[PDB]
Amino acid sequence: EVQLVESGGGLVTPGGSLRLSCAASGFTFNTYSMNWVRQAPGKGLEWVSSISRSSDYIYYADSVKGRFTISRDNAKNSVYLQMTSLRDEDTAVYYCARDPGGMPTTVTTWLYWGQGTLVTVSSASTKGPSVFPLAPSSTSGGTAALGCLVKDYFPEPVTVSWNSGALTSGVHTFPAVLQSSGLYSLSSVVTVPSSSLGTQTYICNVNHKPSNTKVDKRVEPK
Amino acid sequence: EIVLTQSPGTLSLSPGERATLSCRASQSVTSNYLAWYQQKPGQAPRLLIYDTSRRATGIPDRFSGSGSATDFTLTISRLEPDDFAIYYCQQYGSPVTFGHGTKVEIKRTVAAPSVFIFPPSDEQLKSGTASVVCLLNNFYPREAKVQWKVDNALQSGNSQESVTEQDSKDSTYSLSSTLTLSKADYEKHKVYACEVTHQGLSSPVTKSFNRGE
Ligand SMILES: O=P(O)(OC[C@@H](O)[C@@H](O)[C@@H](O)CO[C@@H]1O[C@H](CO)[C@@H](OP(=O)(O)OC[C@@H](O)[C@@H](O)[C@@H](O)CO[C@@H]2O[C@H](CO)[C@@H](OP(=O)(O)OC[C@@H](O)[C@@H](O)[C@@H](O)CO)[C@H]2O)[C@H]1O)O[C@H]1[C@@H](O)[C@H](O)O[C@@H]1CO
Ligand SMILES: [Zn+2]
């Protein structure tokens with residue numbers, strides 16, 4: 001199991017600094033160039049920095065030169081990224097990546113990726129969400145709808161689930177939307193047969209780790 | 001720096017048809033150091049091809065890469081519905097650069113949405129804001145027209161839409177549209193309607209409620 005795991009993301013004010021970590025397993029780490037690649041929300045991919053197996057050759061994109069510093073520790077199977085003087089353009093999901101093996105130079109292509117960690121550059125304050133229920137009506141083809149409205153939160157992300165993972169079918173959870181507030185909002189809905197409104201309870205579990213928010217709203221007919 | 005232009009921007013194809021994606025570099029790519037990634041929403045990129053044509057380990061045979069110098073191609077001979085994704089090309093011969101990608105929709109038969117409308121909660125009217133939500137569940141194609149009418153007056157500027165990715169099972173979309181109002185303008189009106197017009201609809205569908213129900 002080749003694994004890369006990033007850590008250290010979060011919300012940081014413009015001009016601030018943040019240190020990213022990526023631990024790696026499942027391969028001879030000290031024979032590999034380790035690489036950082038980022039993806040701003042909605043946009044494509046942009047290579048940030050790379051480092052050879054013994055830190056002899058260090059490479060940065062011009063967008064981050066002088067501001068970001070990369071380093072590794074072959075005794076901990078870990079690569080690091082000291083970010084300083086952070087701009088709005090640096091708001092991205094930061095990936096730690098490894099080349100497919102036997103590559104001719106330090107910067108190439110990347111077969112293995114981490115899950116990515118999200119770095120929000122903004123002076124807005126972390127704000128937990130407000131979870132309001134979307135009460136089921138009373139029917140198209142015998143189908144009813146219901147959900148939870150997750151309103152006004154910052155920064156990304158929030159996860160939503162139903163009956164803590166048990167309900168999966170019919171759920172349609174939507175991408176967050178940026179209000180003119182500057183805060184995010186989303187809905188998560190479920191389609192059900194109308195009759196099962198009496199034979200099951202529907203509890204939406206909303207999670208906002210950026211503020212340690214955990215909300216369990218029960219949705220009933222109004 | 002080298003610029004990678006991918007064409008087309010979007011590609012909508014039925015299952016079984018063959019997809020042909022293109023990547024053109026502003027210069028020549030040394031030793032044909034060109035890769036193709038597949039990225040599905042919320043996931044990390046999955047390397048498909050590199051060195052123009054070498055398949056990565058574990059990638060199906062339908063994914064083949066061609067090209068040389070400034071013109072590279074990615075072919076997807078058979079298409080399963082699990083190929084709804086964005087496909088990026090990337091050079092590493094020069095700084096390394098990515099294309100902006102080619103979206104690949106999976107085509108299917110026309111499906112009309114079932115429409116639902118949600119009045120604001122009363123927890124939320126205490127808050128001072130009214131959110132009216134309109135749901136369009138599992139339809140195809142993605143093209144659909146949702147409009148809000150408050151006391152039969154068409155609204156403008158106070159709506160935001162949100163769309164799911166293509167379902168893996170039936171390859172449909174589902175759409176959210178949230179109409180945001182004040183507690184004041186919300187209670188100075190009565191009839192709130194959501195009007196949906198879609199290809200698989202003989203004529204627009206309207207779901208509505210009166211503030212007393
Ligand atoms: O320890 P070695 O054997 O080598 C030391 C290196 O400094 C050497 O390679 C150097 O000369 C050239 O590097 C090149 O030039 C830069 C000098 O610093 C390097 O840049 P970088 O430092 O940034 O390296 C970039 C890239 O080459 C690596 O990331 C990696 O992909 C290679 O594959 C790895 O190395 C094996 C040999 O090529 C491969 O074996 P391979 O079986 O092909 O791996 C397949 C892979 O699936 C599995 O290995 C993996 O899942 C589990 O491990 C891979 O393990 C290289 O590009 O020491 C050697 C070497 O110095 C010389 O042969 O004599 C020494 C005798 O011990
Ligand atoms: Zn670009």
# chains A, B, ... in the order shown; residues from 1 in each chain; ligands from 1
>>> residues_near_ligand(ligand="ligand 1", cutoff="8 Å", atoms="only C-alpha atoms and all ligand atoms", output="NGL selection string")
:A and (2 or 26-29 or 31-34 or 50-57 or 98-107)
>>> residues_around(residues="residue B:71", least_positions_apart="5", cutoff="10 Å", atoms="only C-alpha atoms", output="ChimeraX atom specification")
/B:4-5,22-29,32,66
>>> write_last_selection(atoms="C-alpha atoms", output="PDB file, in the first residue's frame")
ATOM      1  CA  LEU B   4      -0.907  23.394 -23.618  1.00  0.00           C
ATOM      2  CA  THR B   5      -4.221  23.862 -25.440  1.00  0.00           C
ATOM      3  CA  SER B  22      -6.273  16.464 -28.131  1.00  0.00           C
ATOM      4  CA  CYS B  23      -3.429  18.444 -26.557  1.00  0.00           C
ATOM      5  CA  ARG B  24      -1.385  20.954 -28.563  1.00  0.00           C
ATOM      6  CA  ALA B  25       1.771  22.538 -27.168  1.00  0.00           C
ATOM      7  CA  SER B  26       2.965  26.031 -28.042  1.00  0.00           C
ATOM      8  CA  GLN B  27       6.411  24.488 -28.649  1.00  0.00           C
ATOM      9  CA  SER B  28       7.877  21.006 -28.996  1.00  0.00           C
ATOM     10  CA  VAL B  29       7.953  18.768 -25.919  1.00  0.00           C
ATOM     11  CA  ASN B  32       7.628  13.431 -25.901  1.00  0.00           C
ATOM     12  CA  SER B  66      -0.575   8.980 -29.326  1.00  0.00           C
TER      13      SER B  66
END
>>> interface_residues(of="chain A", to="chain B", cutoff="7 Å", atoms="only C-alpha atoms", output="ChimeraX atom specification")
/A:44-47,61,108,110-111,113,115,132-135,140,145,172,174-175
>>> write_last_selection(atoms="C-alpha atoms", output="PDB file, in the first residue's frame")
ATOM      1  CA  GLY A  44      -6.820  23.201 -12.927  1.00  0.00           C
ATOM      2  CA  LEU A  45      -3.497  21.944 -11.628  1.00  0.00           C
ATOM      3  CA  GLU A  46      -0.323  23.958 -11.052  1.00  0.00           C
ATOM      4  CA  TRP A  47       2.998  22.442  -9.999  1.00  0.00           C
ATOM      5  CA  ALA A  61       7.533  27.650  -9.717  1.00  0.00           C
ATOM      6  CA  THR A 108       8.302  14.755 -14.192  1.00  0.00           C
ATOM      7  CA  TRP A 110       3.093  11.795 -10.746  1.00  0.00           C
ATOM      8  CA  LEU A 111       1.576   8.328 -10.388  1.00  0.00           C
ATOM      9  CA  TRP A 113      -1.104  11.421  -5.047  1.00  0.00           C
ATOM     10  CA  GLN A 115      -5.764  13.117  -0.581  1.00  0.00           C
ATOM     11  CA  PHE A 132     -32.193  24.549   8.715  1.00  0.00           C
ATOM     12  CA  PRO A 133     -34.501  21.691   7.667  1.00  0.00           C
ATOM     13  CA  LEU A 134     -36.177  21.274   4.285  1.00  0.00           C
ATOM     14  CA  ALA A 135     -39.447  19.749   5.451  1.00  0.00           C
ATOM     15  CA  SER A 140     -44.555  13.319  -7.933  1.00  0.00           C
ATOM     16  CA  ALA A 145     -38.251  15.170  -1.080  1.00  0.00           C
ATOM     17  CA  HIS A 172     -28.149  14.301  -3.775  1.00  0.00           C
ATOM     18  CA  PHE A 174     -24.765  19.717  -3.732  1.00  0.00           C
ATOM     19  CA  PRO A 175     -21.529  21.653  -4.229  1.00  0.00           C
TER      20      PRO A 175
END
>>> atom_distance(atom1="atom CA of residue B:112", atom2="atom CA of residue B:169")
16.4 Å
>>> residues_around(residues="residue A:114", least_positions_apart="6", cutoff="12 Å", atoms="only C-alpha atoms", output="PyMOL selection string")
(chain A and resi 2-7+21-25+34-38+93-98) or (chain B and resi 43-46)
>>> write_last_selection(atoms="N, CA, C and O atoms", output="JSON list (two decimals), in the first residue's frame")
[["chain", "number", "residue", "atom", "x", "y", "z"],
["A", 2, "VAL", "N", 1.11, 1.81, -1.19],
["A", 2, "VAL", "CA", 1.79, 3.09, -1.29],
["A", 2, "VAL", "C", 0.84, 4.19, -0.86],
["A", 2, "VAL", "O", -0.27, 4.31, -1.39],
["A", 3, "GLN", "N", 1.26, 4.99, 0.12],
["A", 3, "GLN", "CA", 0.38, 6.00, 0.69],
["A", 3, "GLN", "C", 1.12, 7.32, 0.86],
["A", 3, "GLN", "O", 2.28, 7.35, 1.28],
["A", 4, "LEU", "N", 0.44, 8.41, 0.51],
["A", 4, "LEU", "CA", 0.89, 9.77, 0.79],
["A", 4, "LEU", "C", -0.25, 10.49, 1.49],
["A", 4, "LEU", "O", -1.40, 10.43, 1.03],
["A", 5, "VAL", "N", 0.05, 11.16, 2.60],
["A", 5, "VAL", "CA", -0.96, 11.85, 3.40],
["A", 5, "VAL", "C", -0.45, 13.25, 3.72],
["A", 5, "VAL", "O", 0.59, 13.40, 4.37],
["A", 6, "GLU", "N", -1.19, 14.27, 3.30],
["A", 6, "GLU", "CA", -0.85, 15.65, 3.59],
["A", 6, "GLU", "C", -1.52, 16.11, 4.88],
["A", 6, "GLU", "O", -2.56, 15.58, 5.29],
["A", 7, "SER", "N", -0.91, 17.10, 5.52],
["A", 7, "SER", "CA", -1.48, 17.71, 6.72],
["A", 7, "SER", "C", -1.01, 19.16, 6.80],
["A", 7, "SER", "O", -0.06, 19.56, 6.13],
["A", 21, "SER", "N", 2.80, 19.44, 5.68],
["A", 21, "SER", "CA", 3.52, 18.19, 5.86],
["A", 21, "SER", "C", 2.87, 17.11, 5.01],
["A", 21, "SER", "O", 1.66, 17.13, 4.77],
["A", 22, "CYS", "N", 3.68, 16.17, 4.54],
["A", 22, "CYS", "CA", 3.19, 15.01, 3.81],
["A", 22, "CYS", "C", 4.01, 13.79, 4.20],
["A", 22, "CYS", "O", 5.20, 13.72, 3.89],
["A", 23, "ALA", "N", 3.39, 12.83, 4.87],
["A", 23, "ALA", "CA", 4.05, 11.59, 5.21],
["A", 23, "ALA", "C", 3.80, 10.54, 4.13],
["A", 23, "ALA", "O", 2.75, 10.52, 3.49],
["A", 24, "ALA", "N", 4.79, 9.67, 3.93],
["A", 24, "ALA", "CA", 4.74, 8.72, 2.82],
["A", 24, "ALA", "C", 5.10, 7.33, 3.31],
["A", 24, "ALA", "O", 5.89, 7.16, 4.24],
["A", 25, "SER", "N", 4.55, 6.33, 2.63],
["A", 25, "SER", "CA", 4.81, 4.95, 2.98],
["A", 25, "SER", "C", 4.74, 4.08, 1.73],
["A", 25, "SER", "O", 4.21, 4.48, 0.70],
["A", 34, "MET", "N", 10.28, 14.01, -4.33],
["A", 34, "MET", "CA", 8.96, 14.31, -3.81],
["A", 34, "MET", "C", 8.51, 15.68, -4.32],
["A", 34, "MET", "O", 9.32, 16.59, -4.50],
["A", 35, "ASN", "N", 7.21, 15.80, -4.57],
["A", 35, "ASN", "CA", 6.69, 16.94, -5.32],
["A", 35, "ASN", "C", 5.41, 17.46, -4.68],
["A", 35, "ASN", "O", 4.60, 16.69, -4.17],
["A", 36, "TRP", "N", 5.25, 18.78, -4.73],
["A", 36, "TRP", "CA", 4.03, 19.45, -4.30],
["A", 36, "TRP", "C", 3.32, 20.03, -5.51],
["A", 36, "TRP", "O", 3.94, 20.68, -6.35],
["A", 37, "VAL", "N", 2.01, 19.77, -5.61],
["A", 37, "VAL", "CA", 1.18, 20.28, -6.69],
["A", 37, "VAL", "C", -0.12, 20.78, -6.08],
["A", 37, "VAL", "O", -0.67, 20.16, -5.17],
["A", 38, "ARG", "N", -0.62, 21.92, -6.56],
["A", 38, "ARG", "CA", -1.82, 22.52, -6.00],
["A", 38, "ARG", "C", -2.88, 22.70, -7.08],
["A", 38, "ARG", "O", -2.60, 22.70, -8.28],
["A", 93, "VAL", "N", -6.04, 23.53, -3.07],
["A", 93, "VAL", "CA", -5.83, 22.23, -2.45],
["A", 93, "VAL", "C", -4.43, 21.77, -2.82],
["A", 93, "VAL", "O", -4.10, 21.66, -4.01],
["A", 94, "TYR", "N", -3.59, 21.52, -1.82],
["A", 94, "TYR", "CA", -2.18, 21.23, -2.03],
["A", 94, "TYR", "C", -1.95, 19.72, -1.98],
["A", 94, "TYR", "O", -2.26, 19.08, -0.97],
["A", 95, "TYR", "N", -1.41, 19.18, -3.06],
["A", 95, "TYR", "CA", -1.16, 17.75, -3.19],
["A", 95, "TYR", "C", 0.32, 17.44, -3.03],
["A", 95, "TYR", "O", 1.18, 18.21, -3.49],
["A", 96, "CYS", "N", 0.60, 16.32, -2.38],
["A", 96, "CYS", "CA", 1.93, 15.75, -2.31],
["A", 96, "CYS", "C", 1.97, 14.53, -3.23],
["A", 96, "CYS", "O", 1.07, 13.69, -3.18],
["A", 97, "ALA", "N", 2.98, 14.47, -4.10],
["A", 97, "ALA", "CA", 2.94, 13.53, -5.22],
["A", 97, "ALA", "C", 4.30, 12.90, -5.46],
["A", 97, "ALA", "O", 5.34, 13.49, -5.17],
["A", 98, "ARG", "N", 4.27, 11.69, -6.01],
["A", 98, "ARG", "CA", 5.46, 10.89, -6.29],
["A", 98, "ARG", "C", 5.44, 10.43, -7.75],
["A", 98, "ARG", "O", 4.38, 10.11, -8.29],
["B", 43, "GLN", "N", -11.87, 14.09, -6.01],
["B", 43, "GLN", "CA", -10.76, 13.15, -5.96],
["B", 43, "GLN", "C", -9.49, 13.80, -6.48],
["B", 43, "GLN", "O", -9.50, 14.91, -7.01],
["B", 44, "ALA", "N", -8.39, 13.08, -6.31],
["B", 44, "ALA", "CA", -7.08, 13.46, -6.83],
["B", 44, "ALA", "C", -6.92, 12.94, -8.25],
["B", 44, "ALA", "O", -7.63, 12.02, -8.67],
["B", 45, "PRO", "N", -6.01, 13.52, -9.04],
["B", 45, "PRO", "CA", -5.84, 13.05, -10.42],
["B", 45, "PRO", "C", -5.26, 11.65, -10.47],
["B", 45, "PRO", "O", -4.38, 11.28, -9.69],
["B", 46, "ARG", "N", -5.78, 10.85, -11.41],
["B", 46, "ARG", "CA", -5.33, 9.49, -11.65],
["B", 46, "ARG", "C", -4.54, 9.47, -12.95],
["B", 46, "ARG", "O", -5.11, 9.70, -14.03]]
>>> residues_around(residues="residue A:187", least_positions_apart="6", cutoff="6 Å", atoms="only C-alpha atoms", output="PDB file with N, CA, C and O atoms, in the first residue's frame")
ATOM      1  N   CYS A 148     -31.587  19.085   4.297  1.00  0.00           N
ATOM      2  CA  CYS A 148     -31.062  20.060   5.241  1.00  0.00           C
ATOM      3  C   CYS A 148     -30.409  21.188   4.466  1.00  0.00           C
ATOM      4  O   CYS A 148     -29.621  20.938   3.549  1.00  0.00           O
ATOM      5  N   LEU A 149     -30.712  22.419   4.862  1.00  0.00           N
ATOM      6  CA  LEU A 149     -30.086  23.607   4.300  1.00  0.00           C
ATOM      7  C   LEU A 149     -28.962  24.049   5.228  1.00  0.00           C
ATOM      8  O   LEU A 149     -29.210  24.415   6.381  1.00  0.00           O
ATOM      9  N   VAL A 150     -27.734  24.001   4.728  1.00  0.00           N
ATOM     10  CA  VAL A 150     -26.554  24.374   5.496  1.00  0.00           C
ATOM     11  C   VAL A 150     -26.165  25.773   5.036  1.00  0.00           C
ATOM     12  O   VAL A 150     -25.610  25.951   3.949  1.00  0.00           O
ATOM     13  N   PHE A 174     -25.169  18.800  -2.681  1.00  0.00           N
ATOM     14  CA  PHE A 174     -24.765  19.717  -3.732  1.00  0.00           C
ATOM     15  C   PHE A 174     -23.446  20.407  -3.408  1.00  0.00           C
ATOM     16  O   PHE A 174     -23.087  20.567  -2.236  1.00  0.00           O
TER      17      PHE A 174
END
>>> closest_residue(among="B:194, B:21, B:89, B:146", to="ligand 2", atoms="only C-alpha atoms and all ligand atoms")
B:89
>>> select_by_dssp(residues="stretch 8-207 of chain B", states="alpha helix (DSSP H)", output="list in words")
residues 123, 124, 125, 126, 127, 183, 184, 185, 186 and 187 of chain B
>>> residues_around(residues="residue A:178", least_positions_apart="4", cutoff="10 Å", atoms="only C-alpha atoms", output="list in words")
residues 152, 153, 154, 182, 183, 184, 185 and 186 of chain A; 160 of chain B
>>> write_last_selection(atoms="N, CA, C and O atoms", output="short mmCIF file (atom, residue, chain, number, x, y, z; two decimals), in the first residue's frame")
data_model
loop_
_atom_site.label_atom_id
_atom_site.label_comp_id
_atom_site.auth_asym_id
_atom_site.auth_seq_id
_atom_site.Cartn_x
_atom_site.Cartn_y
_atom_site.Cartn_z
N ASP A 152 -24.54 29.71 5.44
CA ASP A 152 -23.57 30.66 5.97
C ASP A 152 -22.49 29.99 6.81
O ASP A 152 -22.65 29.82 8.03
N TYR A 153 -21.37 29.63 6.18
CA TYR A 153 -20.23 29.06 6.89
C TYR A 153 -18.96 29.39 6.13
O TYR A 153 -18.99 29.58 4.91
N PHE A 154 -17.85 29.44 6.86
CA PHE A 154 -16.55 29.75 6.27
C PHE A 154 -15.48 29.19 7.19
O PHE A 154 -15.65 29.26 8.41
N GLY A 182 -19.89 36.42 1.26
CA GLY A 182 -18.58 35.85 1.42
C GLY A 182 -18.58 34.51 2.10
O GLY A 182 -17.53 33.87 2.20
N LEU A 183 -19.74 34.06 2.58
CA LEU A 183 -19.91 32.78 3.25
C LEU A 183 -20.50 31.75 2.30
O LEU A 183 -21.18 32.08 1.33
N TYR A 184 -20.24 30.48 2.61
CA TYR A 184 -20.69 29.38 1.77
C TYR A 184 -22.01 28.82 2.28
O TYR A 184 -22.39 28.99 3.45
N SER A 185 -22.72 28.13 1.39
CA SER A 185 -23.99 27.51 1.73
C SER A 185 -24.23 26.35 0.78
O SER A 185 -23.79 26.37 -0.37
N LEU A 186 -24.93 25.33 1.28
CA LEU A 186 -25.28 24.19 0.46
C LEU A 186 -26.54 23.53 1.01
O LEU A 186 -26.93 23.74 2.16
N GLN B 160 -29.39 31.34 -6.84
CA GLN B 160 -28.11 30.67 -7.05
C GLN B 160 -28.39 29.20 -7.29
O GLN B 160 -29.08 28.56 -6.49
#
>>> select_by_dssp(residues="chain A", states="strand (DSSP E or B)", output="ChimeraX atom specification")
/A:3-7,10-12,18-25,34-39,45-51,58-60,68-73,78-83,92-98,112-113,117-121,127,130-134,140,143-154,159-162,167,171-173,177-178,184-193,202-208,213-219
>>> residues_around(residues="residue A:165", least_positions_apart="6", cutoff="12 Å", atoms="only C-alpha atoms", output="JSON, numbers by chain")
{"A": [159, 171, 202, 203, 204, 205, 206]}
>>> write_last_selection(atoms="N, CA, C and O atoms", output="short mmCIF file (atom, residue, chain, number, x, y, z; two decimals), in the first residue's frame")
data_model
loop_
_atom_site.label_atom_id
_atom_site.label_comp_id
_atom_site.auth_asym_id
_atom_site.auth_seq_id
_atom_site.Cartn_x
_atom_site.Cartn_y
_atom_site.Cartn_z
N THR A 159 -19.07 18.41 5.42
CA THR A 159 -19.60 17.13 4.98
C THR A 159 -21.02 16.98 5.50
O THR A 159 -21.37 17.50 6.57
N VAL A 171 -29.97 10.20 -2.08
CA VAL A 171 -29.34 11.42 -1.59
C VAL A 171 -28.65 12.13 -2.75
O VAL A 171 -27.95 11.50 -3.55
N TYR A 202 -35.42 10.60 9.52
CA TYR A 202 -34.35 11.12 8.68
C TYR A 202 -33.58 12.17 9.46
O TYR A 202 -34.11 13.26 9.74
N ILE A 203 -32.34 11.86 9.82
CA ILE A 203 -31.47 12.76 10.56
C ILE A 203 -30.26 13.09 9.68
O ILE A 203 -29.52 12.18 9.28
N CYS A 204 -30.08 14.37 9.38
CA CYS A 204 -28.92 14.82 8.62
C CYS A 204 -27.80 15.17 9.60
O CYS A 204 -28.04 15.83 10.61
N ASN A 205 -26.59 14.67 9.32
CA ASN A 205 -25.40 14.89 10.15
C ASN A 205 -24.48 15.82 9.38
O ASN A 205 -23.92 15.43 8.35
N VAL A 206 -24.37 17.06 9.84
CA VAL A 206 -23.53 18.07 9.21
C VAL A 206 -22.26 18.23 10.03
O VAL A 206 -22.31 18.23 11.27
#
>>> closest_residue(among="A:218, A:43, A:87, A:65", to="ligand 2", atoms="only C-alpha atoms and all ligand atoms")
A:43
>>> residues_around(residues="residue B:209", least_positions_apart="5", cutoff="7 Å", atoms="only C-alpha atoms", output="ChimeraX atom specification")
/B:191-193
>>> atom_distance(atom1="atom CA of residue A:80", atom2="atom CA of residue A:49")
10.3 Å
>>> decode(residues="stretch 100-113 of chain B", atoms="N, CA, C and O atoms", output="PDB file, in the first residue's frame")
ATOM      1  N   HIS B 100      -5.893  22.885 -19.491  1.00  0.00           N
ATOM      2  CA  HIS B 100      -7.072  23.190 -18.695  1.00  0.00           C
ATOM      3  C   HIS B 100      -8.094  22.062 -18.698  1.00  0.00           C
ATOM      4  O   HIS B 100      -9.067  22.124 -17.938  1.00  0.00           O
ATOM      5  N   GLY B 101      -7.898  21.043 -19.523  1.00  0.00           N
ATOM      6  CA  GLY B 101      -8.681  19.830 -19.432  1.00  0.00           C
ATOM      7  C   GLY B 101      -9.798  19.769 -20.461  1.00  0.00           C
ATOM      8  O   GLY B 101     -10.184  20.766 -21.076  1.00  0.00           O
ATOM      9  N   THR B 102     -10.322  18.558 -20.643  1.00  0.00           N
ATOM     10  CA  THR B 102     -11.476  18.305 -21.501  1.00  0.00           C
ATOM     11  C   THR B 102     -12.522  17.568 -20.678  1.00  0.00           C
ATOM     12  O   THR B 102     -12.298  16.426 -20.265  1.00  0.00           O
ATOM     13  N   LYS B 103     -13.650  18.223 -20.421  1.00  0.00           N
ATOM     14  CA  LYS B 103     -14.750  17.558 -19.741  1.00  0.00           C
ATOM     15  C   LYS B 103     -15.354  16.491 -20.645  1.00  0.00           C
ATOM     16  O   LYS B 103     -15.494  16.688 -21.856  1.00  0.00           O
ATOM     17  N   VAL B 104     -15.706  15.353 -20.053  1.00  0.00           N
ATOM     18  CA  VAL B 104     -16.293  14.234 -20.782  1.00  0.00           C
ATOM     19  C   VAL B 104     -17.623  13.903 -20.114  1.00  0.00           C
ATOM     20  O   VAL B 104     -17.655  13.280 -19.048  1.00  0.00           O
ATOM     21  N   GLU B 105     -18.720  14.323 -20.735  1.00  0.00           N
ATOM     22  CA  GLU B 105     -20.044  13.904 -20.305  1.00  0.00           C
ATOM     23  C   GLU B 105     -20.394  12.562 -20.936  1.00  0.00           C
ATOM     24  O   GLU B 105     -19.937  12.230 -22.033  1.00  0.00           O
ATOM     25  N   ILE B 106     -21.200  11.781 -20.224  1.00  0.00           N
ATOM     26  CA  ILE B 106     -21.722  10.519 -20.737  1.00  0.00           C
ATOM     27  C   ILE B 106     -23.165  10.747 -21.166  1.00  0.00           C
ATOM     28  O   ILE B 106     -24.002  11.177 -20.364  1.00  0.00           O
ATOM     29  N   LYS B 107     -23.452  10.463 -22.434  1.00  0.00           N
ATOM     30  CA  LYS B 107     -24.765  10.723 -23.002  1.00  0.00           C
ATOM     31  C   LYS B 107     -25.734   9.596 -22.665  1.00  0.00           C
ATOM     32  O   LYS B 107     -25.350   8.429 -22.543  1.00  0.00           O
ATOM     33  N   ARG B 108     -27.005   9.960 -22.516  1.00  0.00           N
ATOM     34  CA  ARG B 108     -28.057   8.995 -22.230  1.00  0.00           C
ATOM     35  C   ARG B 108     -29.378   9.547 -22.752  1.00  0.00           C
ATOM     36  O   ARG B 108     -29.444  10.658 -23.288  1.00  0.00           O
ATOM     37  N   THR B 109     -30.436   8.756 -22.597  1.00  0.00           N
ATOM     38  CA  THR B 109     -31.744   9.147 -23.100  1.00  0.00           C
ATOM     39  C   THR B 109     -32.336  10.268 -22.254  1.00  0.00           C
ATOM     40  O   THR B 109     -32.052  10.395 -21.060  1.00  0.00           O
ATOM     41  N   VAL B 110     -33.174  11.087 -22.895  1.00  0.00           N
ATOM     42  CA  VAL B 110     -33.718  12.271 -22.242  1.00  0.00           C
ATOM     43  C   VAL B 110     -34.558  11.861 -21.043  1.00  0.00           C
ATOM     44  O   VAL B 110     -35.383  10.942 -21.123  1.00  0.00           O
ATOM     45  N   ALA B 111     -34.349  12.544 -19.919  1.00  0.00           N
ATOM     46  CA  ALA B 111     -35.069  12.268 -18.684  1.00  0.00           C
ATOM     47  C   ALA B 111     -35.559  13.578 -18.090  1.00  0.00           C
ATOM     48  O   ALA B 111     -34.776  14.516 -17.913  1.00  0.00           O
ATOM     49  N   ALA B 112     -36.852  13.637 -17.787  1.00  0.00           N
ATOM     50  CA  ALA B 112     -37.434  14.831 -17.203  1.00  0.00           C
ATOM     51  C   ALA B 112     -37.223  14.846 -15.691  1.00  0.00           C
ATOM     52  O   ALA B 112     -37.216  13.795 -15.044  1.00  0.00           O
ATOM     53  N   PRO B 113     -37.041  16.026 -15.109  1.00  0.00           N
ATOM     54  CA  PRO B 113     -36.880  16.112 -13.658  1.00  0.00           C
ATOM     55  C   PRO B 113     -38.217  16.094 -12.937  1.00  0.00           C
ATOM     56  O   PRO B 113     -39.235  16.576 -13.439  1.00  0.00           O
TER      57      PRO B 113
END
